[PDB]
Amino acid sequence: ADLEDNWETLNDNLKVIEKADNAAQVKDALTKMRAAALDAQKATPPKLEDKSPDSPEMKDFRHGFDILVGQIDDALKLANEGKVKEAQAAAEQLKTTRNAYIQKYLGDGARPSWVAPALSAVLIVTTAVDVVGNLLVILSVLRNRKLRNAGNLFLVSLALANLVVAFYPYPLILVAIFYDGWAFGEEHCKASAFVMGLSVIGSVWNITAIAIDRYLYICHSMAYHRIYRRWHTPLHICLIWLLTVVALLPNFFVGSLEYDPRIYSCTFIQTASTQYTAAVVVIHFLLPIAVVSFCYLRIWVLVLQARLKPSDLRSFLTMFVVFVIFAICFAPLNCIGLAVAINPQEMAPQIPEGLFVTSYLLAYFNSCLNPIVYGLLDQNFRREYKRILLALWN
């Protein structure tokens, strides 16, 4: 039997012992566990495959199994006596506890089998739709005199924020999944973690700048037309990106950019400094999500009081949906970060790995959604996407 296959066997019967109602169900499960333990001990690990069978690295895995075999025999000594709870306790609090004391028996039970293929599928799809999708957005906005419309600079600003992350950190996390551990230097670690901070942080500030601009243009159009914009807009875009770089610099002093084995990515660590992460969740999420929720509620009340035409909603509809799609995508992880920011000594271990990865899978997915919402809601973008593709077939 295969080592990866035998690893699944020992964990499946471990789950059975918990959901068991009688000592015979337990004694049956503990027999399959001891048999699959001795088979996997005869097998060679993948990381230490080149190492000697007597080497201090390969003989460490062999010995780890010897401890659990005796622990299983100890547990079935109780299950034979008809003591169900007594053996059910000697299973979970001994097969897992000594696994951390054996190290190599703790790695398989740390991460679920599903995160590696789910993450890699999500990143492949996200990177693919990102490059094509946002590259179309760039080209659509560049043609003829389209750039003379200032607001189109915000679509190029967000297109690059989405884009840059697909060209540097996303490809290397995919190498980190297939190599099981970060395969590049400590240089590329903090640098990949930084550009993702630029994208995720830089995006909310563009999304906010838009919400204020579209708030004044619709609600106080008298005062809005009095104030210029043709040159104001490229100044505002430039300012938010330098503002972003500044907000990210405490990461190098507080040491919060390091590789997270749970998500195979070098990213920002919420436990490294609960002071910085508390500010990151407030000042760079709940603060902007609040002001923009306010901006767009004032716009929707005037539309509700105006009732209509498909060309009348055109001014903001596309930009409102992108904001909402952003909020959903980043609300879960910001909640995890908030719970850790209050009391990490007790609330942090209560965050399951299954939930944590689910928060990062959505947050990564957001890097490709924008051109889709443009295609589904904007007729003029849908037309533009068709023109570019036709240009390539003709």
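Sequential numbering from 1, following the sequence displayed.
A.B. asks: How many residues that are in the deposited sequence but not in the model lie between residue 307 and residue 308: none, 1 to 3, 4 to 9, or 10 or more?
C.D. replies: Missing residues, residue 307 to residue 308: 10 or more.
A.B. asks: On average, which has the higher Cα B-factor in the deposited entry, 106-114 or 174-182?
C.D. replies: Stretch with the higher mean C-alpha B-factor: 106-114.
A.B. asks: Higher average CA B factor in the deposited record is what I'm after, so tell me if that's 77-85 or 255-263.
C.D. replies: Higher mean C-alpha B-factor in the PDB entry: 77-85.
A.B. asks: Identify, among 195, 125, 91, 279, the residue whose C-alpha carries the highest B-factor in the deposited PDB entry.
C.D. replies: Of the options given, 91 has the highest CA B-factor in the PDB entry.
A.B. asks: Taking the values straight from the PDB record, which of 343, 334, 366, 358 has the highest C-alpha temperature factor?
C.D. replies: Comparing C-alpha B-factors across 343, 334, 366, 358, the maximum falls on 343.
A.B. asks: What third of its chain's C-alpha B-factors does residue 101 belong to: lowest, middle or highest?
C.D. replies: Within its chain, residue 101 is a highest-third residue by C-alpha B-factor, going by the deposited values.
A.B. asks: Is the Cα B-factor recorded for residue 145 in the lowest, middle or highest third of its chain?
C.D. replies: It falls in the bottom third of the chain.
A.B. asks: Can you tell me whether residue 311 has a C-alpha B-factor in the lowest, middle or highest third compared with the other modelled residues of the same chain?
C.D. replies: Top third by C-alpha B-factor.
A.B. asks: Consider only the C-alpha atoms of the modelled residues in this chain, order them by B-factor as the entry records it, and name the third containing residue 289: lowest, middle or highest.
C.D. replies: Within its chain, residue 289 is a middle-third residue by C-alpha B-factor, going by the deposited values.
A.B. asks: Sort the modelled residues of this chain by their C-alpha B factor and say whether residue 162 lands in the lowest, middle or highest third.
C.D. replies: CA B-factor rank for residue 162: lowest third.
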